[PDB]
Colleague: 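The structure that follows is given in the form of structure tokens.
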Amino acid sequence: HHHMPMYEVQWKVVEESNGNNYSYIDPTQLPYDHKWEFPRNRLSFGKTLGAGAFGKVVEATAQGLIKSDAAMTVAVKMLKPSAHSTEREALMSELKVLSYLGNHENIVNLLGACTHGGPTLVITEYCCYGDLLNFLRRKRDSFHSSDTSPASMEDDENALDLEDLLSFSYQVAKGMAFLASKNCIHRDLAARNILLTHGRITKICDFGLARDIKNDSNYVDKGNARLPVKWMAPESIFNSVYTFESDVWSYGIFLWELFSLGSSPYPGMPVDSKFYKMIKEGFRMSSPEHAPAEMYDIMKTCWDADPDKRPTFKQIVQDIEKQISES
Ligand SMILES: FC(F)(F)c1ccc(CNc2ccc(Cc3c[nH]c4ncc(Cl)cc34)cn2)cn1
């Protein structure tokens with residue numbers, strides 16, 4: 001019998017509880033709208049896009065999904081036959097939360113599902129550049145400064161510049177604002193959980209069971225879970241408190257990764273009792289090299305120990321939209 005926090009960090013929808021508190025919704029209670037049902041036969045599977053112990057995501061072709069006589073590339077999340085009922089429930093619950101959330105430009109969107117007969121298939125948008133973290137890392141050496149000739153890079157047209165990084169930061173804040181408006185808390189926001197598509201649109205996601213979490217050292221064995229500690233707010237680490245404001249903390253850590261072009265957070269600071277002490281005492285990362293001062297300012301406010309002093313995603317969107325206008 002699996003403890004699911006060992007295998008993924010589940011997003012949560014919250015509902016108003018007593019007084020000013022929120023409580024988690026049990027996602028198995030959410031409805032699955034059968035308008036999403038899509039014939040299993042009209043799918044043709046290609047390469048695997050990610051896999052963990054019990055789940056995988058694989059690229060596929062779907063016949064007639066969006067237009068009656070047209071095919072389109074999609075990504076399909078599904079479980080391996082060795083999965084347990086606890087994973088099969090988690091995947092249906094993920095489908096129910098997707099059916100509840102609706103559609104947004106900056107999330108990986110639900111396109112359809114196969115829920116009768118064999119395994120649950122969750123059909124979502126395919127993003128051809130893959131995860132943003134790997135993209136930033138392979139694009140790292142070709143990042144180009146403002147007033148520099150295009151002739152110095154080979155693929156200057158495919159290179160990375162500050163305009164891209166500000167754009168990615170803006171689109172992720174917009175996706176997170178959407179999530180928060182549906183009372184959704186992601187709980188595992190990070191560049192590894194953001195995809196990049198045609199036109200360089202970023203889409204938030206979570207590989208979840210399709211990630212080999214035991215071999216991703218960004219997840220630390222803490223209690224009986226595997227937790228992305230370096231991305232988490234202190235209240236989540238120490239009191240297991242997850243709110244819209246803890247997502248903002250993670251967004252600040254994402255910004256640091258983004259403007260460091262995929263560097264790993266808190267270098268020279270392995271997760272141990274020393275790490276936890278320094279975070280409590282107010283240690284915070286310095287500005288990434290390519291981060292403009294105003295983006296580093298957002299980062300610092302994202303990391304306020306007092307959750308009420310952190311920006312909301314709605315405010316962050318306003319801030320970054322203005323920074324983009326002014327340049
Ligand atoms: F809305 C959000 F909160 F952002 C959200 C959306 C979806 C999910 C979980 N659903 C999924 C499903 C598949 C994937 C992986 C994936 C897809 N399209 C892709 N295109 C390319 C590649 Cl290489 C990987 C993928 C990630 N998350 C979690 N959170």
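Numbering of residues begins at 1 and proceeds along the displayed sequence. Both counts, for ligands and for their atoms, begin at 1 and track the order of listing. Atom set for the values below is all heavy atoms of this structure, side chains included, hydrogens, waters and symmetry mates excluded.
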Colleague: For ligand 1, which part of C205 has a heavy atom less than 4.0 Å away: the side chain, the backbone, both, or neither?
Modeller: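 Both backbone and side chain.
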Colleague: Any salt bridge between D247 and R187, counting N to O under 4.0 Å?
Modeller: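 Salt bridge absent between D247 and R187.
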Colleague: Which heavy atom of the protein is the closest neighbour of atom 12 (C) of ligand 1, given with residue, atom name and distance?
Modeller: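 Its nearest protein heavy-atom neighbour is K77 CE, 3.7 Å.
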Colleague: State whether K47 and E59 are salt-bridged, where the test is any N-O pair (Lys NZ or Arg NE/NH1/NH2 against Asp/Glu carboxylate O) under 4.0 Å.
Modeller: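 Salt bridge flag = yes for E59 with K47.
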Colleague: Identify the two heavy atoms, one from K139 and one from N158, that lie closest to each other, and give their separation to 0.1 Å.
Modeller: NZ-O, 2.8 Å
Colleague: To check your reading of the model: name the closest protein heavy atom to atom 20 (N) of ligand 1, its residue, and the distance in Å.
Modeller: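 Its nearest protein heavy-atom neighbour is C127 N, 3.0 Å.
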Colleague: Would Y242 and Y24 count as a close aromatic pair, with their ring centres under 6.0 Å?
Modeller: no
Colleague: Salt bridge check: are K56 and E87 linked by an N-O gap of less than 4.0 Å?
Modeller: no
Colleague: Provide the closest heavy-atom pair for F168 versus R200 in the form atom of the first, atom of the second, distance.
Modeller: CE2-O, 3.8 Å
Colleague: Hey, which of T124, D33, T120 is the one that makes side chain to side chain contact (heavy atoms under 4.5 Å, CB included) with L95?
Modeller: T120
Colleague: Output the list of atoms in ligand 1 that are nearer than 4.0 Å to some heavy atom of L195, sorted by atom number.
Modeller: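 The atoms of ligand 1 under 4.0 Å from a heavy atom of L195 are 16 (C), 17 (C), 18 (N), 19 (C), 20 (N), 24 (C), 25 (C).
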Colleague: Compute the shortest N/O to N/O distance between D206 and ligand 1 and return yes if it is under 3.5 Å, no if not.
Modeller: yes
Colleague: In a check of side-chain hydrogen bond (donor to acceptor under 3.5 Å, both in side chains) between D206 and each of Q10, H186, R192, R211, which one passes?
Modeller: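 Going through the options one by one, the only one that passes is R211.
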Colleague: Does an N or O anywhere in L49 fall below 3.5 Å from an N or O of ligand 1?
Modeller: no
Colleague: Decide, yes or no, whether a salt bridge links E94 with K77 under the criterion of side-chain N to carboxylate O below 4.0 Å.
Modeller: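 Looking at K77 together with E94, the answer is yes, because their closest N to O distance falls below 4.0 Å.
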Colleague: What is the closest protein heavy atom to atom 5 (C) of ligand 1, and at what distance does it sit?
Modeller: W11 CZ3, 3.3 Å
Colleague: Which residue from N193, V58, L91, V57 reaches closest to atom 14 (C) of ligand 1 through any of its heavy atoms?
Modeller: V57
Colleague: Do me a favour and list the nearest non-hydrogen protein atom to atom 17 (C) of ligand 1 with residue, atom name and distance?
Modeller: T124 OG1, 3.6 Å
Colleague: For atom 23 (Cl) of ligand 1, find the nearest protein heavy atom and state the residue, atom name and distance (0.1 Å precision).
Modeller: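 Answer for atom 23 (Cl) of ligand 1: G130 CA, 3.8 Å.
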Colleague: Identify the closest protein heavy atom to atom 18 (N) of ligand 1: which residue and atom is it, and at what distance?
Modeller: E125 O, 2.9 Å
Colleague: Quick check on contacts: which atoms of ligand 1 are under 4.0 angstrom from a heavy atom of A75?
Modeller: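 In order of numbering, the contacting atoms are 17 (C), 18 (N), 19 (C).
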Colleague: Heavy-atom distance to atom 10 (N) of ligand 1: which of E8, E94, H186 wins?
Modeller: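 Considering heavy atoms of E8, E94, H186, the nearest to atom 10 (N) of ligand 1 sits in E94.
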Colleague: Specify the protein heavy atom at minimum distance from atom 6 (C) of ligand 1: its residue, its atom name, and the distance to 0.1 Å.
Modeller: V108 O, 3.6 Å
Colleague: With side-chain hydrogen bond (donor to acceptor under 3.5 Å, both in side chains) as the test, pick out the partner of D188 among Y219, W11, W231.
Modeller: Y219
Colleague: Taking distance alone, with N or O pairs closer than 3.5 Å, would you say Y126 contacts ligand 1?
Modeller: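 By distance alone, the answer is no.
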Colleague: Give the residue and atom name of whichever protein heavy atom lies nearest to atom 4 (F) of ligand 1, and the separation in Å to one decimal.
Modeller: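 Checking every protein heavy atom, the shortest distance to atom 4 (F) of ligand 1 gives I204 O, 2.8 Å.
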